[PDB]
Structures are given as C-alpha cells and as structure tokens.
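Asks: Following this message is one structure expressed as structure tokens.
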Amino acid sequence: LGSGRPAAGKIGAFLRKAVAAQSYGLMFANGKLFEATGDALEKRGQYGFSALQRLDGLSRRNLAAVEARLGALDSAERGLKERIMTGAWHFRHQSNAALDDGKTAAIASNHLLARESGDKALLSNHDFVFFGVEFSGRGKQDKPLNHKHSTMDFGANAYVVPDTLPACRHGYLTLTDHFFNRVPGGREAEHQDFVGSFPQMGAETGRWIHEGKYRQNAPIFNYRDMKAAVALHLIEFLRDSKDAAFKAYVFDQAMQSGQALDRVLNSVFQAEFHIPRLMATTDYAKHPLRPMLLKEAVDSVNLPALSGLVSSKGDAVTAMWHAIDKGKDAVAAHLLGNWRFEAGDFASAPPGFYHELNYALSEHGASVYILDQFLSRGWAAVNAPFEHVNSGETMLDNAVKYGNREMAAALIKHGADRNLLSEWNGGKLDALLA
Amino acid sequence: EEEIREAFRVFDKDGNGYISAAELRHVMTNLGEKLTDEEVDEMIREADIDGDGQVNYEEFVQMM
Amino acid sequence: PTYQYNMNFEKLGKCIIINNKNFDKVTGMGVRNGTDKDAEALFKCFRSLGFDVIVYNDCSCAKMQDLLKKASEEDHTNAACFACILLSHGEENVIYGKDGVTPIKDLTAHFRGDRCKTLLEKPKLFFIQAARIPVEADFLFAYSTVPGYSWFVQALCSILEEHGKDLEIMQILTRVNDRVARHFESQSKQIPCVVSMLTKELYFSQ
C-alpha cells in the first residue's frame, strides 16, 4: 500500500500516450497534405513519441499565427475569449450501429476496422474517431443541439461525452472538416432560423478556413490550445464582419447563454474533434435523435434495431437486397430465419436498385456466404446469364473477371457450366481453382 | 520525464527488464485508474513489441 | 437539306455505356468511386431521351473492342443515330480498360462511313470521361479530362433532363461547359472540349 497504488496510473497514461502516437504517426507520415506544408514526419514500424511532439509543435505554430493576426484584442473581445476558454464542451458522435451495450460505449475509428476486416491518402487521419463539438455546457444528458456536422447526418443515435474524459488530453480539433475545409453558406447551414435573423453574416460564412499559404492547410490544435483557437478564430471573423446585428449578439446574448454560443460557433465554423484509435468509456450519453430507417441499419449492421424495422415480408425482401449490395453477411442471416421467402420474391428488381439478382450476387466484393446460402436454397438460377448488365455473361464470368478465387469455387460446386463463359475468360479458371 | 523509467519497475514481475503482459492487463482492469476493458485490448497490442505475451519496459521508453 | 438531322425513325438509336470501376493490379490504377452514380444517372437520362441503353461494367480491352465491333456490324436502318458513353481512366487519346489500355481511334475504327453504312449520314455520338483523335464525318466527341468529387456527367444529365428534347446538341454541351466552369470557382480553369464533325443540327424528336 506504498507509493505504488498512485503510481499504478502511469501504466495506462503511458499506454494511451503510445497508442495515440501511432494514430498521429499515421497522419504525419502517410499524409499527402502535410508534405506540401512540410509538417509531415518520418516512417517507423512503431511511431515514437516524436509524433506527439510535432502535434504540440504544430499547435503552437497555428496558435501563434492567429495570435499575431489580431494581437491587439478589444476589451469586449477579451471577455468573449474567457467565455469560450472557461466553457466546457460536449463532443457528439453519430452513427447507425449499436456501439454501446447500456454500460460501456466503444467507438472504433475507421482504421481499426481494417485490422479486423483519396481522402485517406490526403490526411491519413482515419485512425481517429470523429466528433461534433457542442459548446452548450448544459450537461451531458442535455438534448443535442446540433444534429448535422457539415450537412452530414451521420446517424440516428448521438453518443455524447464531455471533455473531462482522459482520452481528450491527446486529441486534436479542426475548425471545420479536416478534409473539406469549407463551412457552407446560409442555405446549407442546419439551424436556418437563427442564421436568417442575421443577413450580413450569411454572405460571409461561405468561406474556406485555412492558415498557411495553401488553401487546404486546415488549422490543427491540440487539447491545450482548442479553446484559445476557436475563440481567436471567432474574433478574427467578428472583426472582419460587417453585420452590426451579429457583432452585437456575440458580445451580449451569446456570453450569457450556452445555447446562443453554440449557435454562433456551429454557424461560423464546423468544429471537428478527433480521438485516436478507440473511444471506450462508461461515462457517456446516448440520445436517439430521429427514427432509423431500413437501409440505415443494414449498412451499419444494427441487427437489434432491424428486428422491429421489418414488419412485413416485403420489408424483409427489401432489407435483403440492401445486404446483397453492400455486402453484409450477418444482416442476411437474421432475415434468413425470421422471414422465409420464396424463389419468386427476389425474381424481379426492386425500385431503386440498378442491378438485377444474378449480377448483384456476383458483383465485385460480393459475399460468398450471401451467394452460397442463396444457391443452396435454390432461390436463383445457377447458369442463367444476365439480361440487363454485362449481358451474355454468367455468374462465373464475374467471379473469374475480378479474380475472386473463393467465389469461383462455390459457383462450380453448385454446377456451373465451365463452357458458358465468353472468350475473355476461357482457361483462366484453372489458375484460380487451386 | 526520466521518472517514467521507474514507473514500470515498481511493479515488475521479476527484477529488471521483462514484465508480465497479463499482469499489466489485470492491473489496468482493476487497480490504478479505473480503465475500460474494451480499451485494455488495444493498449497491449501496440505495447508488446514481441507480439506474444511479455512487456519490454526498458526498451519501449528508449524507442519512444 | 433542312439543316437538321432526320429523326423520323422507329428507335432513336443504340446507346452503350462502358463503366470501368475496378481495374487489375497489373495496371496500377485505383477504384473509381462514385462512377456507379454516374452510370445510373446516364442510364435513366439517355433512356428518357429515347435510346436503347445497355450498360457494361468493368470490361477488358478485348471486351470493349469486340463490343463496339459487334455494335457497328448491327443493322441501324431503323435507328436515327447512335451514342456511346465511356467512363474509365485515361491519358492521351487512350482510355483505360480493366486489363490495360486501348486507343480511341480503334473504338471508332469500325464506325467510319465505309465500315458502317447503316449509320452513314447519321450522327455517331461519343461521350468520354477520362480522369488521371480521328476526324471523320457526322461524329461528335465530348472529351473531359477533369476529375470530380463527376461534375461533367452530373452537369450533362441535369441539362438533358431539362432541355434534352427542346435544345440542339451544341446548346446542351455549351451549357455543360458553363456548368463545369462554375464548379472550378466554387470548389466543392479546366473545361471539357467538344469536337464536332456534324453536318446538320441535332434535335431529339420521337
């Protein structure tokens, strides 16, 4: 019971400091945008702590850049800075997948899903969890103010965590979307009624946000400099603004209320917070914002929600076509037993599907599980060629075309005539069988 | 900064160098700061440079 | 001559859409994401005009050659014209197949006036989308080397779905050049070129 129990926190504070250094190590090393500005880094098998040291180095540069742009702050501007500096934030992440179990909410990044099975080359920040930043400060169980970030409705469930989580000590924030660094105009903004009351502002919101000489140099700030950045970058816009009504709403009503401050910061910018690798915690809040639809759950694999969304055999057929196209296996397994279809159910083409049955099962990235279980029940013909897309070709034609060795194995296992392929396939089949 | 090298050694399974990997799993699972069991998996993945079941606290601080 | 192509036929003509989305590792090219949305917009748009649209996805160089070769050998007596759409990668006078490259001259080789009498005196439309030239008679090319987040295909459909049955083909493609020119300024001055060997004006009557 000596000095080991408090020092036991080093294990964890050091591991979260090493795991976070890998996600940033992927962003600086593999980021094409960081090479043009020279902010890129070296290449290692396990990126060291120098990746986090350049995060603080990059944050101090962007902070001192906007600090030198304004410098002489007005007296009323100093109070607005401390207002945002002292205001606690709530980070909002939306999606359609059930990411919690009622006790712990685990949200993995876009890169951690790859180890388990354009924009990715420009930034290489897909090893981070995306969050929409709310500046209300009215509690974590409070209703989410904003439903969309950069005109993107991510999902029907909102997972909110306060900035008190230890994982936020290593995160970073961009003023808008790190890729598309253009806060949209008034017509695209979410809360239209608030922006409509300020006319001369709606023409100044449609802008590109940047800092360096390159237009795409989206400003990046660490946790230590988040509040000091969004405050100064707001003052930089308020000083250039000609709107006499909006230049008075930020100094009067916005500093008093937390909701008015969010409407200002969510309209001037589109703040995006990122957490490396994984965001697993028990202190969170889940608010169902809107009802979820059928296609929303099939793509994100939300089987518990999908059980109630299907209330008829037609909705079950419609849900099956979405699993075939997007290539989800478990979604087809639940619909398999709960609803017993027939062969003529999937015979026609549903409205909104620009591919037919046989081609979707043989498309690029299609699942053999969706295909094998479909031919085992005999709900589709084995050698009937397509009559709408790539006509004159069979199931095995696409299987050998893309080179999928496993898809061609099951098609012949169900009796595929090897002599029904066109000339552009011929004898390449034997190189894929074994 | 330099005191981090002492931080792992206070609860080393042996004396110097190799530390038990499953020990660091249950340490963060209960003792120390109350961490989440879902996060514990990803912390040990990048930690064990050997990639089997051990801890190299001496080299890990030097490499990073 | 009425300075206007004769559109008094049964069917408007054939329309082939090549949609090469995935490519082999030997080519070293990436997947063209979003081209399925371009192929769907071009299908329902040209089908609305009156074409017999048939779509082919991820065709090899030998498949594309034989596809247009067998198309030019078809009977186009009851066809008012003919159209071809290409969606793949490209470089210089060549587009990318799934297994290599093929030149544009070979795709229009069997469509010359001597090698296709049924389409003689009828316009052969060619719309090319190549990211990163033969001069005959009654031919039209829509060459676009601008990648999109595509802007060209969406601007072509948005005008043909609004003025495809009331304006001439150059009025359509001219407004398409202005629409894509606006996107270079909004960023959400590269412009496609129109090579025209038409002898008459092109309207889309039934």
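In the structure tokens, chains take the letters A, B, ... in the order shown, each chain's residues start at 1, and ligands count up from 1 in the order shown.
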Considering only C-alpha atoms, extract the chain A residues located within 7 Å of chain C and return them as a list in words.
Replies: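 Filtering chain A at 7 Å from chain C with only C-alpha atoms gives residues 354, 388, 389, 390 and 424 of chain A.
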Asks: Next, dump the selected residues to file, keeping only N, CA, C and O atoms, as a PDB file, in the first residue's frame.
Replies:
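Below is the file result-v3.pdb, written as the result:
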ATOM      1  N   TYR A 354     -30.390  -0.550 -59.397  1.00  0.00           N
ATOM      2  CA  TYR A 354     -29.992  -0.524 -60.796  1.00  0.00           C
ATOM      3  C   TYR A 354     -29.204  -1.765 -61.208  1.00  0.00           C
ATOM      4  O   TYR A 354     -28.504  -1.737 -62.226  1.00  0.00           O
ATOM      5  N   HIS A 388     -29.439  -7.483 -68.348  1.00  0.00           N
ATOM      6  CA  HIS A 388     -29.509  -6.039 -68.163  1.00  0.00           C
ATOM      7  C   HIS A 388     -28.123  -5.409 -68.079  1.00  0.00           C
ATOM      8  O   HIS A 388     -27.901  -4.318 -68.612  1.00  0.00           O
ATOM      9  N   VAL A 389     -27.186  -6.082 -67.413  1.00  0.00           N
ATOM     10  CA  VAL A 389     -25.835  -5.572 -67.212  1.00  0.00           C
ATOM     11  C   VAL A 389     -24.842  -6.666 -67.576  1.00  0.00           C
ATOM     12  O   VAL A 389     -24.938  -7.787 -67.067  1.00  0.00           O
ATOM     13  N   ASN A 390     -23.882  -6.329 -68.441  1.00  0.00           N
ATOM     14  CA  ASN A 390     -22.906  -7.285 -68.959  1.00  0.00           C
ATOM     15  C   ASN A 390     -23.608  -8.513 -69.533  1.00  0.00           C
ATOM     16  O   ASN A 390     -23.294  -9.657 -69.196  1.00  0.00           O
ATOM     17  N   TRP A 424     -13.306 -13.980 -73.297  1.00  0.00           N
ATOM     18  CA  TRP A 424     -12.449 -13.194 -72.419  1.00  0.00           C
ATOM     19  C   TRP A 424     -12.289 -13.813 -71.036  1.00  0.00           C
ATOM     20  O   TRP A 424     -11.936 -13.106 -70.086  1.00  0.00           O
TER      21      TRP A 424
END
Asks: Could you list, as a ChimeraX atom specification, every residue of chain B that has an atom within 8 Å of an atom of chain A, counting only C-alpha atoms?
Replies: /B:4,7-8,10-11,24,27-28,31-33,36,38-39,42-44,46-47,63-64
Asks: Output C-alpha atoms of each residue in that selection to a file, as an mmCIF file, in the first residue's frame.
Replies:
data_model
loop_
_atom_site.group_PDB
_atom_site.id
_atom_site.type_symbol
_atom_site.label_atom_id
_atom_site.label_comp_id
_atom_site.auth_asym_id
_atom_site.auth_seq_id
_atom_site.Cartn_x
_atom_site.Cartn_y
_atom_site.Cartn_z
ATOM 1 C CA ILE B 4 8.842 7.223 -16.200
ATOM 2 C CA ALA B 7 7.215 3.858 -13.091
ATOM 3 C CA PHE B 8 7.107 0.406 -14.694
ATOM 4 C CA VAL B 10 7.840 -0.519 -9.184
ATOM 5 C CA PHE B 11 5.600 -3.490 -10.076
ATOM 6 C CA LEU B 24 -0.491 -5.258 -16.991
ATOM 7 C CA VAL B 27 -3.563 -4.106 -13.312
ATOM 8 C CA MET B 28 -5.420 -1.655 -15.556
ATOM 9 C CA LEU B 31 -6.025 -1.344 -9.930
ATOM 10 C CA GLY B 32 -4.704 2.106 -10.790
ATOM 11 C CA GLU B 33 -7.114 4.315 -12.681
ATOM 12 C CA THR B 36 -12.344 0.218 -19.524
ATOM 13 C CA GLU B 38 -12.524 -2.647 -24.200
ATOM 14 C CA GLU B 39 -9.609 -0.194 -24.299
ATOM 15 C CA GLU B 42 -5.738 -2.073 -27.909
ATOM 16 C CA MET B 43 -3.206 -0.891 -25.310
ATOM 17 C CA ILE B 44 -1.461 -4.270 -25.071
ATOM 18 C CA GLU B 46 0.902 -1.794 -29.533
ATOM 19 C CA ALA B 47 2.792 -2.225 -26.245
ATOM 20 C CA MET B 63 12.469 3.641 -28.524
ATOM 21 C CA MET B 64 9.816 6.312 -27.913
#
Asks: Tell me which protein, DNA and RNA residues are within 9 Å of stretch 11-16 of chain C, counting only C-alpha atoms, leaving out same-chain ones fewer than 4 positions away, and put them as a list in words.
Replies: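 Counting only the stated atoms, we get residues 7, 46, 47, 49, 50, 51, 52, 53, 54, 55, 56, 67, 68, 71, 76, 78, 79, 80, 81, 82, 83, 84, 85, 86, 204, 205 and 206 of chain C.
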Asks: Write the residues of the preceding selection, restricted to C-alpha atoms, as a PDB file, in the first residue's frame.
Replies:
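Output saved as selection-v7.pdb:
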ATOM      1  CA  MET C   7     -35.345  11.923 -86.615  1.00  0.00           C
ATOM      2  CA  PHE C  46     -30.444   8.655 -72.118  1.00  0.00           C
ATOM      3  CA  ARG C  47     -33.304   6.186 -71.649  1.00  0.00           C
ATOM      4  CA  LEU C  49     -34.401  10.688 -74.447  1.00  0.00           C
ATOM      5  CA  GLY C  50     -35.345   7.519 -76.329  1.00  0.00           C
ATOM      6  CA  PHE C  51     -32.222   5.371 -76.578  1.00  0.00           C
ATOM      7  CA  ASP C  52     -31.932   1.608 -76.084  1.00  0.00           C
ATOM      8  CA  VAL C  53     -29.336   1.883 -73.337  1.00  0.00           C
ATOM      9  CA  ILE C  54     -27.277  -1.181 -72.388  1.00  0.00           C
ATOM     10  CA  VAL C  55     -24.664  -0.980 -69.621  1.00  0.00           C
ATOM     11  CA  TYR C  56     -21.408  -2.935 -69.325  1.00  0.00           C
ATOM     12  CA  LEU C  67     -18.433  -4.866 -78.019  1.00  0.00           C
ATOM     13  CA  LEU C  68     -18.292  -1.851 -80.344  1.00  0.00           C
ATOM     14  CA  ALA C  71     -22.321  -2.965 -82.394  1.00  0.00           C
ATOM     15  CA  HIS C  76     -29.059   0.672 -87.857  1.00  0.00           C
ATOM     16  CA  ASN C  78     -34.465   1.975 -88.121  1.00  0.00           C
ATOM     17  CA  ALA C  79     -32.083   3.907 -85.833  1.00  0.00           C
ATOM     18  CA  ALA C  80     -31.989   7.697 -86.038  1.00  0.00           C
ATOM     19  CA  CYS C  81     -28.420   7.873 -84.707  1.00  0.00           C
ATOM     20  CA  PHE C  82     -26.016   6.154 -82.294  1.00  0.00           C
ATOM     21  CA  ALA C  83     -24.382   7.080 -78.990  1.00  0.00           C
ATOM     22  CA  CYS C  84     -21.504   5.714 -76.921  1.00  0.00           C
ATOM     23  CA  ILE C  85     -20.519   6.611 -73.354  1.00  0.00           C
ATOM     24  CA  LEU C  86     -17.135   5.868 -71.764  1.00  0.00           C
ATOM     25  CA  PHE C 204     -34.403  14.729 -80.264  1.00  0.00           C
ATOM     26  CA  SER C 205     -37.854  14.241 -81.719  1.00  0.00           C
ATOM     27  CA  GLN C 206     -39.614  10.898 -81.342  1.00  0.00           C
TER      28      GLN C 206
END
Asks: Once DSSP has gone over the backbone, tell me which residues of stretch 14-91 of chain C are in alpha helix (DSSP H), as a list in words.
Replies: residues 35, 36, 37, 38, 39, 40, 41, 42, 43, 44, 45, 46, 47, 48, 49, 61, 62, 63, 64, 65, 66, 67, 68, 69, 70, 71 and 72 of chain C
Asks: Next, write the just-selected residues to a file, as a compact mmCIF listing (two decimals), in the first residue's frame, keeping N, CA and C atoms as the atom set.
Replies:
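Listed below is the output, out_38.txt:
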# COMPACT_ATOMS: atom_id res chain seq x y z
N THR C 35 -18.46 6.29 -59.64
CA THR C 35 -18.81 6.11 -61.04
C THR C 35 -20.07 5.27 -61.22
N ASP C 36 -20.44 4.48 -60.20
CA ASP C 36 -21.74 3.82 -60.24
C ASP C 36 -22.87 4.83 -60.19
N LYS C 37 -22.66 5.97 -59.52
CA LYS C 37 -23.66 7.02 -59.52
C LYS C 37 -23.70 7.76 -60.85
N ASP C 38 -22.55 7.86 -61.53
CA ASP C 38 -22.55 8.44 -62.87
C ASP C 38 -23.23 7.52 -63.88
N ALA C 39 -22.98 6.22 -63.78
CA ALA C 39 -23.59 5.27 -64.71
C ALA C 39 -25.10 5.19 -64.52
N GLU C 40 -25.59 5.35 -63.29
CA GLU C 40 -27.03 5.32 -63.06
C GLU C 40 -27.70 6.58 -63.59
N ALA C 41 -27.04 7.73 -63.44
CA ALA C 41 -27.61 8.98 -63.94
C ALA C 41 -27.64 9.00 -65.46
N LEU C 42 -26.59 8.48 -66.10
CA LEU C 42 -26.56 8.45 -67.56
C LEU C 42 -27.57 7.46 -68.13
N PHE C 43 -27.87 6.39 -67.39
CA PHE C 43 -28.82 5.39 -67.88
C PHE C 43 -30.22 5.97 -67.97
N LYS C 44 -30.77 6.44 -66.85
CA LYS C 44 -32.13 6.95 -66.84
C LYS C 44 -32.28 8.24 -67.64
N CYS C 45 -31.17 8.93 -67.92
CA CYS C 45 -31.24 10.15 -68.71
C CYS C 45 -31.32 9.85 -70.20
N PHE C 46 -30.40 9.03 -70.71
CA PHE C 46 -30.44 8.66 -72.12
C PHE C 46 -31.63 7.76 -72.43
N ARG C 47 -32.08 6.95 -71.46
CA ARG C 47 -33.30 6.19 -71.65
C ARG C 47 -34.51 7.10 -71.76
N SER C 48 -34.50 8.23 -71.04
CA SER C 48 -35.60 9.19 -71.15
C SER C 48 -35.62 9.87 -72.51
N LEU C 49 -34.45 10.07 -73.13
CA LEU C 49 -34.40 10.69 -74.45
C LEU C 49 -35.00 9.77 -75.51
N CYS C 61 -9.91 -4.78 -72.45
CA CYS C 61 -9.63 -4.12 -73.71
C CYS C 61 -10.16 -4.93 -74.89
N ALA C 62 -10.08 -6.25 -74.81
CA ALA C 62 -10.65 -7.09 -75.86
C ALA C 62 -12.17 -7.09 -75.81
N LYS C 63 -12.75 -6.97 -74.61
CA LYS C 63 -14.20 -6.91 -74.49
C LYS C 63 -14.75 -5.61 -75.08
N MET C 64 -14.06 -4.49 -74.83
CA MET C 64 -14.53 -3.21 -75.35
C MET C 64 -14.41 -3.15 -76.87
N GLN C 65 -13.35 -3.72 -77.43
CA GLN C 65 -13.18 -3.72 -78.88
C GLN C 65 -14.27 -4.55 -79.55
N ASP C 66 -14.48 -5.78 -79.08
CA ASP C 66 -15.49 -6.64 -79.68
C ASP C 66 -16.90 -6.12 -79.42
N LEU C 67 -17.10 -5.38 -78.33
CA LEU C 67 -18.43 -4.87 -78.02
C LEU C 67 -18.87 -3.82 -79.04
N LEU C 68 -17.99 -2.85 -79.32
CA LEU C 68 -18.29 -1.85 -80.34
C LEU C 68 -18.17 -2.42 -81.75
N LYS C 69 -17.31 -3.42 -81.95
CA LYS C 69 -17.20 -4.06 -83.26
C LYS C 69 -18.49 -4.77 -83.63
N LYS C 70 -19.04 -5.55 -82.70
CA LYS C 70 -20.34 -6.18 -82.93
C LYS C 70 -21.46 -5.15 -82.98
N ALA C 71 -21.28 -3.99 -82.35
CA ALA C 71 -22.32 -2.96 -82.39
C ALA C 71 -22.36 -2.27 -83.75
N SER C 72 -21.19 -2.00 -84.33
CA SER C 72 -21.14 -1.37 -85.65
C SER C 72 -21.59 -2.32 -86.75
Asks: When you look at residue A:430 with a cut-off of 12 Å (counting only C-alpha atoms), what residues show up, excluding the ones that are within fewer than 5 positions of it in the same chain? I need them as a CSV table (one decimal) with N, CA, C and O atoms, in the first residue's frame.
Replies:
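For reference, result_22.csv as written:
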chain,number,residue,atom,x,y,z
A,400,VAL,N,-14.4,-15.0,-62.2
A,400,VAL,CA,-13.1,-15.1,-62.8
A,400,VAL,C,-12.6,-13.7,-63.3
A,400,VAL,O,-11.4,-13.4,-63.4
A,403,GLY,N,-11.1,-12.0,-60.3
A,403,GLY,CA,-10.1,-12.8,-59.7
A,403,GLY,C,-10.4,-13.4,-58.4
A,403,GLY,O,-9.5,-13.9,-57.7
A,405,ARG,N,-11.0,-16.0,-56.0
A,405,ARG,CA,-10.9,-17.5,-56.1
A,405,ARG,C,-11.9,-18.2,-55.3
A,405,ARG,O,-12.4,-19.3,-55.7
A,408,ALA,N,-15.5,-18.3,-57.3
A,408,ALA,CA,-15.5,-19.3,-58.4
A,408,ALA,C,-15.5,-20.7,-57.8
A,408,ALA,O,-16.0,-21.6,-58.6
A,409,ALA,N,-15.0,-21.0,-56.6
A,409,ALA,CA,-15.1,-22.3,-56.1
A,409,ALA,C,-16.5,-22.8,-55.7
A,409,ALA,O,-16.8,-23.9,-56.0
A,412,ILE,N,-18.8,-23.3,-59.2
A,412,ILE,CA,-18.7,-24.6,-59.8
A,412,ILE,C,-19.2,-25.7,-58.9
A,412,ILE,O,-19.7,-26.8,-59.3
A,418,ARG,N,-18.7,-24.7,-67.1
A,418,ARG,CA,-17.4,-24.0,-67.4
A,418,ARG,C,-17.3,-23.6,-68.8
A,418,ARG,O,-16.3,-22.8,-69.1
A,425,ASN,N,-12.5,-15.1,-70.9
A,425,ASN,CA,-12.4,-15.8,-69.6
A,425,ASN,C,-11.7,-17.1,-69.9
A,425,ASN,O,-10.7,-17.5,-69.3
